[PDB]
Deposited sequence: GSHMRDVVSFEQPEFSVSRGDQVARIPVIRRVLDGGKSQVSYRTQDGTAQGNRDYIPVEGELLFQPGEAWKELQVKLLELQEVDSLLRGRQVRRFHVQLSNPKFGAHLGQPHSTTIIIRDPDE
């Protein structure tokens, strides 16, 4: 498989006070062209519009591009809550690698 797109890790941990989660997405074994995947947040115990700002869209990798950073905004209100991000719908010859979903763990300062 070429143009393999994944999250770098199955979990990332952030502080609620950071205002943003910075989530790396990599593309490996480049064939030389563009690739696209879709991405979307999904609630866990962290909930959209309470704990974080939901987002969905497309990640278009131009030729040569090996990674992206997703930035999901965090909201302020011992406490731990999780949301998820999922990759789907590979286009232009792209494939999903492992992990293609990830969990963002929001912790109190």
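Novice: Give me the ranges of the deposited sequence that have no CA atoms here, in sequence order.
Specialist: Model skips 1-3, 81-89, 122-123 of the deposited chain.
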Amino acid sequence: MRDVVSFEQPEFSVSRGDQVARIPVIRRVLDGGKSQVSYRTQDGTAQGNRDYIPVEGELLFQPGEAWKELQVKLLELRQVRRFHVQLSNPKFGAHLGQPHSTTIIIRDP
From here on, numbers count along this sequence of modelled residues.
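Novice: Averaged over C-alpha atoms, is the B-factor higher for 27-35 or for 55-63 in this PDB entry?
Specialist: The entry gives the higher C-alpha B-factor average to 27-35.
Novice: Would you tell me which stretch averages the higher CA B-factor in the PDB entry, 11-19 or 85-93?
Specialist: That would be 11-19.
Novice: Tell me, please, which of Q42, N49, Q79, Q71 has the highest C-alpha B factor according to the deposited entry?
Specialist: Among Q42, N49, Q79, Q71, the highest C-alpha B-factor in the entry belongs to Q79.
Novice: Would the CA B-factor of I104 place it in the lowest, middle or highest third of its chain?
Specialist: Lowest third, going by the recorded CA B-factors of the chain.
Novice: Please say which third, lowest, middle or highest, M1 falls into when its CA temperature factor is compared across its chain.
Specialist: For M1, the deposited C-alpha B-factor lands in the highest third.
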